[PDB]
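Take a look at the structure set out below.
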Amino acid sequence: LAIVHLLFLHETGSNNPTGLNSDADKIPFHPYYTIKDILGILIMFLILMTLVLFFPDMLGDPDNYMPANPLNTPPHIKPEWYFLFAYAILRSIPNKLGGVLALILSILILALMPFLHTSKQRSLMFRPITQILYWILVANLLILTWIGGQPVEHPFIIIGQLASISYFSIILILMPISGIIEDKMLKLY
Amino acid sequence: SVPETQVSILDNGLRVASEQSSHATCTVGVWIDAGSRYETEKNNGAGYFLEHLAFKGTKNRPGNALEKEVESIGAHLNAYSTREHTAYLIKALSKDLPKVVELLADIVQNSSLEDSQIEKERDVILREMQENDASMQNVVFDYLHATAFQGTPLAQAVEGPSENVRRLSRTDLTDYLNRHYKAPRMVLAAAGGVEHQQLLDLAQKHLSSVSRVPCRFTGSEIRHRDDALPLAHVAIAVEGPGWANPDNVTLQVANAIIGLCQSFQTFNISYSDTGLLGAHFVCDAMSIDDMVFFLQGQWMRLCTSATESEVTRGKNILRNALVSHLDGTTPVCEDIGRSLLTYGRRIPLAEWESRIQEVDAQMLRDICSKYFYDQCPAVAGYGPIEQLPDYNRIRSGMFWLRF
Ligand SMILES: CCCCCCCCCCCCCCCCCC(=O)OC[C@H](COP(=O)(O)OCCN)OC(=O)CCCCCCCCCCCCCCCCC
Ligand code: HEM
């Protein structure tokens, strides 16, 4: 699927942070973005080996070092941290089914994302209001990651419920309206 | 059996050189060590504009009456300017040898620059430059000189920028004339049916009045992209050795080995202890990169895998060449003037043949590895040059991972 991912991209070429047509300024990849990928590989290996050789259990759970007891239940059940945002959403919706669906949508909302683009500019380099909304989205994604960790009790629950409401409202509603407003400010709309 | 070139010297320092031959017509010229390299960016078109003004009349021969004289004997009058040398030459009959020399004397001294003419020649020069851009290979070689000799007087063109052309005055010209036209930097060269003693007496009679008084290559790239042009011209060069370095001969043999793009020409341009050694090709956009790859491979083959048969072929091509040239009177005089200006002496063809026959394959690949292998080139492109590779790919093509 990653090979198919690379194919569906070379047909169009990569994007640039300005979001403009970069056909006038393109360079080879071997000497310019290869040594850059090698440097990024080296930095990622530095972070991976300082995660392995120095703090090998800062991201895992201690209770996984006990054998599986079907009779004994743990006092607090978590998935690993990268599932937390989803975990929060699931816990937030009162209905079980609702939670499952919202959870799925949490990931799927992204797929839905290319149909929500209502701006005449591709990138957010020249779009400050949608930049603010994007960083608020990153902020409450971090909040949902924290909440998942917190146990079920006040006021963690309410935050979870709001944070999920704010997440879906920023992705679904606030960004296209903001893009319309930004197009109106540049005398385009 | 080729007759020797005999050189004499006047008090002025004007070396009068001549090489007699049976042909009854002669090419008498004056070679001056003055070009765009001696200009200081405030008079960047002084030599070119003086080269335009030099045939428009003198003090003794005012205006077109002067050229009426060179029509009267049926002689031909030519002049050219490079970055280092300026030449004023006349092709005439043998029996018209005195007056021609006298004519040349006026052209170098006693010349008259008319203010009226200055405006007319400014419009000529300006317009030509305004249309000179048309000649691509000239644009590409000027771009190659500029990007290879950035910050030096060797980057600036012979014609100069339109700016200076418009902003030039008689006095400035007078200066360039009075500064770079010294007698010790001048050679009176004659080829063909001339006697050396008669030419020496004529140089003593006229022309005896002429007054007696860090080059760097930067591996770089200039890319002039204009996609509306049908063809692309690309020149790639490295630093040359200079005039006085004998391995030039060996490098010439290397060029004779090279001799995919519609047009592929190799050059060894030499200036005073510097130069540009490389290749210029003119091609369709969709071929450019492949050409470059091809070309670089040949250079590395000459650095690594030169055989005796191609060296023998290059030696034969060089011999024939130098001897094919140096045939007509002009070509010869021209060689006498450049030889006295650059080497200080006329190198005979027997010495050239000795320096050619001492070249073998081992010293050719040694000298080619000295000048081509792992060197930073200067690249100048003009036209649809998007597929022309950038500097890392060309620089990586300047060596092989297998040696
Ligand atoms: C904004 C008012 C005007 C500010 C003017 C500042 C001075 C500008 C002129 C001097 C230059 C200063 C530096 C300029 C940097 C670039 C320009 C800039 O930063 O502009 C201000 C910025 C963007 O402004 P713009 O998009 O043009 O319009 C503002 C719309 N409010 O907007 C901002 O900087 C403010 C953004 C505030 C965002 C606050 C978000 C709070 C909510 C976060 C929620 C996170 C999740 C919480 C939990 C959710 C779940 C429960
Ligand atoms: C399995 C893990 C993945 C791999 C190995 C992968 C691989 C790559 C590679 C090699 C590129 C080209 C280099 C680059 O632009 O960073 C790329 C670009 C891209 N990928 Fe992925 N990818 C992965 C996951 C994803 C996911 C989950 C998404 C969807 C959210 C995605 C969407 C994109 C997009 C949109 C680009 C274009 C970048 C741009 O032009 O801005 N990829 N990916």
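We label chains A, B, ... in the order they appear in the structure tokens, count residues from 1 in each chain, and number ligands from 1 in the order shown.
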- Message: At a cut-off of 6 Å, using only C-alpha atoms, what residues contact residue 284 of chain B? Leave out same-chain residues fewer than 2 positions from it and give the result as a list in words.
- Response: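 Contacts, with the query itself left out: residues 231, 232, 286 and 287 of chain B.
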Could the residues in this selection be written to a file with N, CA, C and O atoms, as a compact mmCIF listing (two decimals), in the first residue's frame?
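Below you can see result08.txt, which holds the result:
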# COMPACT_ATOMS: atom_id res chain seq x y z
N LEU B 231 16.29 25.96 -29.53
CA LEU B 231 17.44 25.13 -29.19
C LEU B 231 18.16 25.71 -27.99
O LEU B 231 18.09 26.91 -27.70
N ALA B 232 18.87 24.84 -27.29
CA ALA B 232 19.62 25.19 -26.09
C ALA B 232 21.11 25.04 -26.34
O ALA B 232 21.56 24.05 -26.94
N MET B 286 14.97 18.11 -24.52
CA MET B 286 14.77 16.74 -24.06
C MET B 286 15.99 15.84 -24.25
O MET B 286 15.90 14.65 -23.91
N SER B 287 17.11 16.35 -24.75
CA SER B 287 18.33 15.58 -24.88
C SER B 287 19.44 16.03 -23.94
O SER B 287 20.40 15.26 -23.76
- Message: At a cut-off of 7 Å and counting only C-alpha atoms and all ligand atoms, what residues surround ligand 1? Please answer as a ChimeraX atom specification.
- Response: /A:127-129,132,136-137,139-140,143,159,162-164,166
Please, which residues in chain A fall within 9 Å of ligand 2 when counting only C-alpha atoms and all ligand atoms, and what is the closest atom pair and distance in Å to one decimal for each, ordered by chain then residue number, as JSON lines?
{"residue": "A:1", "atom": "CA", "partner": "ligand 2", "partner_atom_place_in_ligand_line": "1 (C)", "distance": 7.8}
{"residue": "A:2", "atom": "CA", "partner": "ligand 2", "partner_atom_place_in_ligand_line": "5 (C)", "distance": 5.5}
{"residue": "A:3", "atom": "CA", "partner": "ligand 2", "partner_atom_place_in_ligand_line": "7 (C)", "distance": 8.3}
{"residue": "A:5", "atom": "CA", "partner": "ligand 2", "partner_atom_place_in_ligand_line": "21 (Fe)", "distance": 6.6}
{"residue": "A:6", "atom": "CA", "partner": "ligand 2", "partner_atom_place_in_ligand_line": "9 (C)", "distance": 6.1}
{"residue": "A:9", "atom": "CA", "partner": "ligand 2", "partner_atom_place_in_ligand_line": "37 (C)", "distance": 6.8}
{"residue": "A:10", "atom": "CA", "partner": "ligand 2", "partner_atom_place_in_ligand_line": "12 (C)", "distance": 8.7}
{"residue": "A:12", "atom": "CA", "partner": "ligand 2", "partner_atom_place_in_ligand_line": "40 (O)", "distance": 8.6}
{"residue": "A:13", "atom": "CA", "partner": "ligand 2", "partner_atom_place_in_ligand_line": "40 (O)", "distance": 6.7}
{"residue": "A:14", "atom": "CA", "partner": "ligand 2", "partner_atom_place_in_ligand_line": "40 (O)", "distance": 3.4}
{"residue": "A:15", "atom": "CA", "partner": "ligand 2", "partner_atom_place_in_ligand_line": "40 (O)", "distance": 3.5}
{"residue": "A:16", "atom": "CA", "partner": "ligand 2", "partner_atom_place_in_ligand_line": "41 (O)", "distance": 6.4}
{"residue": "A:17", "atom": "CA", "partner": "ligand 2", "partner_atom_place_in_ligand_line": "41 (O)", "distance": 7.8}
{"residue": "A:19", "atom": "CA", "partner": "ligand 2", "partner_atom_place_in_ligand_line": "41 (O)", "distance": 8.9}
{"residue": "A:110", "atom": "CA", "partner": "ligand 2", "partner_atom_place_in_ligand_line": "30 (C)", "distance": 7.0}
{"residue": "A:111", "atom": "CA", "partner": "ligand 2", "partner_atom_place_in_ligand_line": "30 (C)", "distance": 7.8}
Quick one: which chain B residues come within 12 Å of chain A, and what is the nearest atom pair for each with the distance in Å to one decimal, counting only C-alpha atoms, rows ordered by chain and ascending number, as a tab-separated table?
residue	atom	partner	partner_atom	distance
B:225	CA	A:24	CA	10.2
B:226	CA	A:24	CA	11.8
B:227	CA	A:24	CA	11.4
B:385	CA	A:24	CA	11.6
B:386	CA	A:24	CA	8.8
B:387	CA	A:27	CA	9.8
B:388	CA	A:27	CA	10.6
B:389	CA	A:28	CA	8.0
B:390	CA	A:27	CA	7.5
B:391	CA	A:31	CA	9.8
B:392	CA	A:31	CA	6.6
B:393	CA	A:31	CA	7.5
B:394	CA	A:31	CA	11.1
B:395	CA	A:31	CA	10.7
B:396	CA	A:31	CA	9.3
- Item | alpha helix (DSSP H) positions in chain A, given as JSON, numbers by chain | {"A": [2, 3, 4, 5, 6, 7, 8, 9, 10, 34, 35, 36, 37, 38, 39, 40, 41, 42, 43, 44, 45, 46, 47, 48, 49, 50, 51, 52, 84, 85, 86, 87, 88, 89, 90, 91, 92, 96, 97, 98, 99, 100, 101, 102, 103, 104, 105, 106, 107, 108, 109, 110, 111, 112, 128, 129, 130, 131, 132, 133, 134, 135, 136, 137, 138, 139, 140, 141, 142, 143, 144, 145, 146, 147, 148, 149, 156, 157, 158, 159, 160, 161, 162, 163, 164, 165, 166, 167, 168, 169, 175, 176, 177, 178, 179, 180, 181, 182, 183, 184, 185]}
